[PDB]
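my complex, first installment, coordinates as in the assembly:
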Amino acid sequence: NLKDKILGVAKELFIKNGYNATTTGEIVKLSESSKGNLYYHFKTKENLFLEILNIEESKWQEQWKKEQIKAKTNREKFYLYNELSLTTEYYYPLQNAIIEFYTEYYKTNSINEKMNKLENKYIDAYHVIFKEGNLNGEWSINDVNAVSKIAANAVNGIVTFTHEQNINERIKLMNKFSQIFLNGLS
C-alpha cells in the first residue's frame, strides 16, 4: 500500500525518536514519496500521529481480546493485562512519543477532544475488568472509573520507566504490582 507505508515509516520514527524529533520531512522521503502526497488522509503531522495512536490502540485491544481468554477470573484478567503490556508491540512502545505530544500540543482543540476518547479506550480494558469483577463478585470498587484510570496509569508507569532492564525482572515486578493492587481493592 502507500498511505499504509507512510503510517508504517512514521510509527517507526515516532518510536525510535520523539514526536517533535521526527518531522514530516523524514516520513515523506523515507517512503520514497513526496510532500504533496499528504492531505485527505494525512494533512497535518498531529493528524498523522493521532491516527497511528488510533491504529495501535486497535491492534492492542484486538490482541487483548484474542488473549484475555487464558484467564478465567477477572483477578487473573488484571494480572494478565499488565504482564502482557510489557511484552506487546502495540501502543505501549509509543508512550514516550505520546508524552511529548501531550505537552508540546496542549494549547490546541485536537488535544482535549480529538484524542480525548483515545484515553477512555486505554482505561476501558480496566473498566470492564473491574466492573465484570464486581458482578462476578471478586471485589467491590465503588469508584471504578478512578481505580481504572489509576491502574491504567500506574501500570503504564511500570512499563514505560523500566524499559532498560531484564525483561523478566519487569514481568516479576508487574506481577508483584498486580498482587499488591488487587490485595488493596478487596
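That came through fine. Numbers count the residues shown, from 1 in each chain, chains lettered A, B, ... in the order given.

For residue A:90, which three-state class applies?
coil (DSSP: H, G, I helix; E, B strand; the rest coil).

Could I get the contacting residues of the residue positioned nearest the centre of chain A?
Nearest to the mean C-alpha position of chain A, by C-alpha atoms, centre = their mean, lies residue A:91 at 3.8 Å. Neighbouring residues of residue A:91 by C-beta atoms under 8 Å, 6 or more residues apart in numbering: A:53, A:56-57, A:59-60, A:122. From N, CA and C alone the C-beta is placed, and that goes for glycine too.

Now the two most distant members of these.
A:59 and A:122 (13.0 Å; C-beta to C-beta).

Compare neighbour counts for the two and give me the winner.
residue A:122 (20 against 14; other C-beta atoms under 10 Å).

so the more buried one sits right up against residue A:153, yeah?
No - between residue A:122 and residue A:153 there is no contact under C-beta atoms under 8 Å: 9.3 Å.

circling back: as a markdown table, the contacts of residue A:91 with distance to residue A:74 and secondary structure would be great.
Shown next, in a markdown table, are the contacts of residue A:91 (distance: C-beta to C-beta, whole Å; DSSP: H, G, I helix; E, B strand; the rest coil):
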| residue | distance to residue A:74 | secondary structure |
| --- | --- | --- |
| A:53 | 27 | helix |
| A:56 | 25 | helix |
| A:57 | 22 | helix |
| A:59 | 23 | helix |
| A:60 | 19 | helix |
| A:122 | 18 | helix |
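
Drop chain B onto that structure:
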Amino acid sequence: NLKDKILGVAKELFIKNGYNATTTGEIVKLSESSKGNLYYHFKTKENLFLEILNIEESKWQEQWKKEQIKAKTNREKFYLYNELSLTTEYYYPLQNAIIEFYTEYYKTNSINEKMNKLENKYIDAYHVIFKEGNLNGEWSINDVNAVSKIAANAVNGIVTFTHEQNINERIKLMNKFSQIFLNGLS
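Once chain B is put in with the chains from before, the structure reads:
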C-alpha cells in the same frame, strides 16, 4: 564556580529553549567560559544535563528532608511524598527538557549508566519509607527493594500519564492510589 555558573546558565537555557535547541556554544558564551573548560568538566551536553539532573536531585532530597517532618508515621510519608511528586512536577519548568532528553537517550545505552544511578536515588526515598515502615510494624515487607521500584515507577506513571484535567482531581487520584497500595501491603 565557573563550573557552577555553567550549570546554572545551562539550566536556564534548557528551560527557556528545551534540550535539543540549546547548544554548548551558547552555554560557553553566556557563562563566560570556554569550549575547553566545558569539555573538561562535562565532556558533553549529555553529561552536563545529567549533572544538572543530579543537582536537581540533591535539592529534591534536601527539600524532602525538611518536608517529611509533617509526617509522623511512614504511612503518612508515603502519601505526602507521592502528593508532593505530583503537585510539584506540575509546575516544574525543567520537566520539558527532561522529557525531551529522556525520549532522546533511552535508546542509546551509553547514557544509561548515570541515567540509572540517578533513578536509584529517587527510589531510595521509597526504600527508606518502606524499610522504616517495617521497623514500626506499620507493615511487613520482605521484598522492600521490589515494592520500592514498583511504587516509584507506578507513582511516576500516575504523575506523567494523568496530565490532562483539573489538578484537584489528579491529587484525588494520587491519594486514592496511595491508599490502595498501602492497603495491599498490610
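
hmm, back to that, dihedrals phi and psi, the residue nearest to the centre of chain A?
phi 50, psi -60 (degrees, to the nearest 10).

count of residues packed around the residue of chain A found nearest chain B?
Minimum separation of chain A from chain B (C-beta to the nearest C-beta) falls at residue A:157, amounting to 1.7 Å. Neighbour count of residue A:157, defined by other C-beta atoms under 10 Å in any protein chain shown: 24.

about what we covered before: now the residue nearest to the centre of chain A: how far from residue A:147?
21 Å (C-beta to C-beta, to the nearest Å).

Tell me which residues touch the nearest residue to residue A:14 once chain neighbours are set aside, please.
Among residues not flanking residue A:14 along the chain, residue A:97 sits closest, at 4.5 Å (C-beta to C-beta, 6 or more residues apart in numbering or on different chains). The contact partners of residue A:97, by C-beta atoms under 8 Å, 6 or more residues apart in numbering or on different chains, come to A:14-15, A:18-19, A:49, B:103.

domain assignment for chain A?
Domains of chain A are assigned by curated CATH domains as A:1-49, A:50-186.
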